[PDB]
Amino acid sequence: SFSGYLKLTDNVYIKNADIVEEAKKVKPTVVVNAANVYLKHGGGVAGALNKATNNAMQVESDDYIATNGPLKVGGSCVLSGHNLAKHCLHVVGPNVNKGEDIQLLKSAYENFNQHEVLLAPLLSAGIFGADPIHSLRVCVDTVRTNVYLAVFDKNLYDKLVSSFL
Ligand SMILES: NCC(=O)Nc1nccs1
């Protein structure tokens, strides 16, 4: 199972790790993708997860969008986890760099509550522009299921742990 995680709360765990390498080692039931409404996995966590699937995640995502249309900001969809997980939960956190409502971050984390255990990144962090310290706070105050957070950046991981209330 998951190893080397620091326990933050009853159900939230954190590790300085690349989520792609973490998914390949663990092969969790659910890996969370930091998705956009179009499921266009170009950069950040999405680009890295998609590249690990040899673009199979993007091909599957384009078929999903052709059938269903775009997701809502704060929404999610369950697709295949390919070689990374049983399932991928594509969750859309607000992109602050696109002027999206930061209050949607709580709605985005609520999607995690439909899964008993997940491997996930901090929503809206990185190229999505939100404060990762705020994202971790919303995560621990919203998610009740078991979430294993992978933070790629060592310096950010240290800052998150040392500032955790
Ligand atoms: N290029 C790899 C990468 O970005 N991995 C990440 N793991 C967690 C968040 S970002």
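Every listed requirement among (1) touching a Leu at 6+ places or on another chain (Cβ under 7 Å); (2) away from the ligand (no atom under 14 Å from the Cβ); (3) not polar (S, T, N, Q) is met by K86 save one, (1). Taken as a whole, the condition of being within 16 Å of the ligand (Cβ to nearest atom), more than 24 Å from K24 (Cβ to Cβ) and part of a helix (DSSP H, G or I) applies to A108.
Here region 52-99 is the region considered, the condition is being assigned to a helix (DSSP H, G or I) and polar (S, T, N, Q), and the residue that is surrounded by the fewest Cβ atoms within 10 Å (Cβ to Cβ) is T67.
Return the total of residues in region 117-143 being assigned to a strand (DSSP E or B) and either among the charged types (D, E, K, R) or crowded, with 21+ Cβ neighbours inside 10 Å (or both).
3
Of the residues examined, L105 is not one that is in contact (Cβ under 8 Å) with a residue 40 or more places away in the chain and within 16 Å of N33 (Cα to Cα).
Yes/no per residue for (1) touching a residue at least 12 places away in the same chain (Cβ under 8 Å); (2) more than 16 Å from the ligand (Cβ to nearest atom); (3) acidic (D, E):
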| site | (1), (2), (3) |
| --- | --- |
| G4 | yes, no, no |
| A17 | yes, no, no |
| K25 | no, no, no |
| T29 | yes, yes, no |
| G42 | no, no, no |
| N55 | no, no, no |
| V59 | no, yes, no |
| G81 | yes, no, no |
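For region 59-70, the condition holds for no residue, the condition being that it is under 19 Å from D18 (Cβ atoms) and among the hydrophobic types (A, V, I, L, M, F, W, C).
Positions of Cβ are generated from backbone atoms using ideal geometry, with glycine treated the same way; all protein chains shown enter the neighbour counts. Here, each number is a calculation from the coordinates, and none is a lab measurement.
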